[PDB]
Structure formats: structure tokens, C-alpha cells
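In the form deposited in one PDB entry, a lone chain appears below as C-alpha cells.
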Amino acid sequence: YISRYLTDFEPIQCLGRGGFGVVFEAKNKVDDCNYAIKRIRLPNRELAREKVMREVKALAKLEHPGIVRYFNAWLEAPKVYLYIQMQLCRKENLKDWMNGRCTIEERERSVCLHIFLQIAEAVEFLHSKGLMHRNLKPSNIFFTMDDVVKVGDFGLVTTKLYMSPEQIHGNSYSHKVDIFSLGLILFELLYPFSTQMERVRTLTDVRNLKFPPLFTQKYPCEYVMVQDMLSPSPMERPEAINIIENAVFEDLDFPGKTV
């Protein structure tokens, strides 16, 4: 049996694993580029298989600067494996980026807003296509080699903190679930943590609209935005288009910014 993956790619390293999958960095032999390749073992459940096959077809249609870039998808039956070849991001994701910036000086307003705008625009792209993310969190947000923000479903398991209340309670939901996730991410970008204990305590309070007093005073506009985004009632949350048009996102600049 000839394995498509082993014939066409030189394996470099394992990047991690999560859910049905394992992810590898591998060099394509013919084109000489390095790719991220997710190998998903298809489950012994027809409805879960149905979903997986739908999801791969749906991602193959997607093209946006803030969405992870697709190359190929294929099946191998040596257990059936689905391989998905995407553009290789940097190893450190948004979660790691925030854990390496634990002071207020390292979270300058315009830098965080620039990053948040990229995420929000990726989300708005999905919503405009009648899609949603459902699982938006910092560990699902990576960077390209040139620091362009990339949203995907990375599935590297090393959390329900960013999940809307309607999902946590297992109720039906709408694209508005992603707006709830964005609210928490915006807060987290602007508010650096020293310990994981502090992070969990504070983010839990923020979910319930309890804010650190020094955050409300420093960032009054962003405070209002986060409140609205974190409404318990999904209807009350603003559309992604209304967030990206907010005044705080105009003329964003910082020393070192591209172009």
C-alpha cells in the first residue's frame, strides 16, 4: 500500500494533537514548502463522519486574509484517515503571545485593537458567508510568519471560558455565539495577567459583567463594547459588522506597524 502522505512529504515534527486529530509539520517534496498537516481518524459514527466530510468541504471554499489558508485534503485507508494540508503558522499562538506579554506596557492599546480587529474581521467574514466559528478562543488564533492573525479550528489540546451561555447549557444558538467569545478576547488582550489563577478568576467575573475597576477607567469605550458583546441575551449582542465599524478602530498605529 502506497501512502500519499509518506510519498509526497518529508516529515519534520509533530506539532501536537486534539480531538480526532494529530498535526504535523511536513515539507512537500515537489514544491519544497513546509505545511501544517492535520490527520483526522474518521470516527466509527456515521453522523460524526457526516459532519467531518461536510466541514472539510466547507473550509476548502474559504478565502480571507484572517482565515487559515487551505491547500489540499485527502483520504488514506491503510481505520480511515482524512488529511488536511494548510499553511504553516508560527508555533506561538494568541494564548502564548499573551502569556509572553504580562505587563500593561506590553499591551499597548493600538497593538491589541489592531489584533482584535483582525479577529473580528475574520468572524465577520464567516458570518457574511452564513457560517459561524462556535469555538472562538485564543488557542484557535495563530499568526502567519509576518504576524498576520489567522483564525481556524486548530485543535491542539495541551476550556469553556470563552463559550456563550447558550452553548454551555446545551441550548440552540446562532452566529451570536461568536460575538460572546469576541467580548472576552477583547478584554483579555487589553488586560494582562501574572498568574493562571488570576486569569481564571477575572475572566469568570468578566463573563458575569463584573469588571476590574482599573480596566473601566483606562478603557471606557472598550468597556462598553465588551459589555454589549457579553449580553446573556444573544439578540442584544452587536453584529460583527457593527463592532468593526466602531470608532476605536480608526487610524490604528504603533511604532513598528507594517507599511
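We call the rigid core whatever largest set of C-alpha positions still superposes within 1.5 Å between the two forms. Residue numbers here begin at 1 and follow the sequence given.
Beyond what is shown, the protein has a form deposited in another entry; the following relates to that form.
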Of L203, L62, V52, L190, which one has a Cα that moves 2 Å or more between the shown form and the other one once the core is lined up?
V52
Does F24 move its CA by 2 angstroms or more between the shown form and the other one when the core is aligned?
no
How about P212 - superposed on the rigid core, does its CA move between the shown form and the other one by 2 Å or more?
no
Once the core is aligned, does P43 move its Cα by at least 2 Å between the shown form and the other one?
yes
